[PDB]
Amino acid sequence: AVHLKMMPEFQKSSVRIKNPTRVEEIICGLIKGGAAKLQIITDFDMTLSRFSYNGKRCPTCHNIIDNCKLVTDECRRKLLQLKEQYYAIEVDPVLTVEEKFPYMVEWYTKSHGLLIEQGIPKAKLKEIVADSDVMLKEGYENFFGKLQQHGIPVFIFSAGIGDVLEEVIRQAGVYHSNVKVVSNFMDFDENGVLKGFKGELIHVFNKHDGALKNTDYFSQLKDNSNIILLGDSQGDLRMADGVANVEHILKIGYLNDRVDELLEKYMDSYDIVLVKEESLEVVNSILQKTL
């Protein structure tokens, strides 16, 4: 069995739960299934990466290219106005999510374009990531390691830059065979320099659309009917709209920003909310009782 009142990880004040007797139950079924039935669907930025360190703000994959020694100060500035002006649409309390889709496209298409202009080549991505300031949440070792141990499919579904994400986890030594990454990848040129991006622009709001185009990968994992979903946004809540068959599913969500803003929303959608947190020990603990 399982009890959250007895799990030291669920006693910190940065762990809110609306339906506690809901969590324990879902976790119990996750045990009955163990590894054989386990599946994990995860976002990357601010979920598997840190939102903040030593009090300082940590970078997203896109940022690693925004603060690299290849982009100009006028790009960062021009990119900054982009966020300043578009974040406001993202966090618009009245307009509904659908009435934003076109925006994200412009936001990205406009933020990537500045990188497509800076002439950034694959060659420097390994070098650049080699010294950036990114950080995987505390316990990134127990997480990826227990999963690879029990062959638990991990589907990282990110609206960031795939090539950067793949270089980060590779350097952290966790990019194992069980990890599948689906993100916005670069469509480089002849000199190994960036020239564009592949396919549809995956962004914070179309996860519903991105997930469905992968039913492919999902029907193949029929026996992995139990899934834990790690996300940091409402949009990440759709990251699993394409799983073949579902017996149990836990929605763990990080609320790293606008804290005194969306707490009730998170308690409703996600089963578990992690308010201002930089560790995976909680999910690593649920995996302990499960694997």
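Residue indices: 1-based, along the sequence shown. Only the largest set of C-alpha atoms that superpose within 1.5 Å between the two forms is called the rigid core.
Comparing the two stretches 104 to 112 and 211 to 219 by root mean square C-alpha distance in 5 other deposited structures of this protein, with all structures fitted on the core, the more displaced one is 211 to 219. Each structure in 5 other deposited structures of this protein is fitted to the shown form on the rigid core, and of 138 to 146 and 123 to 131 the C-alphas lie farther away on average for 123 to 131. The stretch 90 to 98 shows the higher mean C-alpha B-factor when 90 to 98 is compared against 209 to 217 in the entry. Comparing 174 to 182 with 67 to 75, the stretch with the higher mean C-alpha B-factor in the PDB entry is 67 to 75. Out of 156, 169, 115, 159, it is 115 whose C-alpha atom has the highest B-factor in the PDB entry. Looking at 42, 49, 52, 39, the one whose CA carries the top B-factor in the deposited record is 52.
Among all modelled residues in its chain, residue 9 ranks in the middle third by Cα B-factor. Looking at the C-alpha B-factors along this chain, the one for residue 122 belongs to the highest third. Per the deposited record, the Cα B-factor of residue 135 falls in the middle third when ranked against the other modelled residues of its chain. Looking at the C-alpha B-factors along this chain, the one for residue 262 belongs to the highest third. Placement of the Cα temperature factor of residue 24 within the chain: middle third of the modelled residues, per the deposited record.
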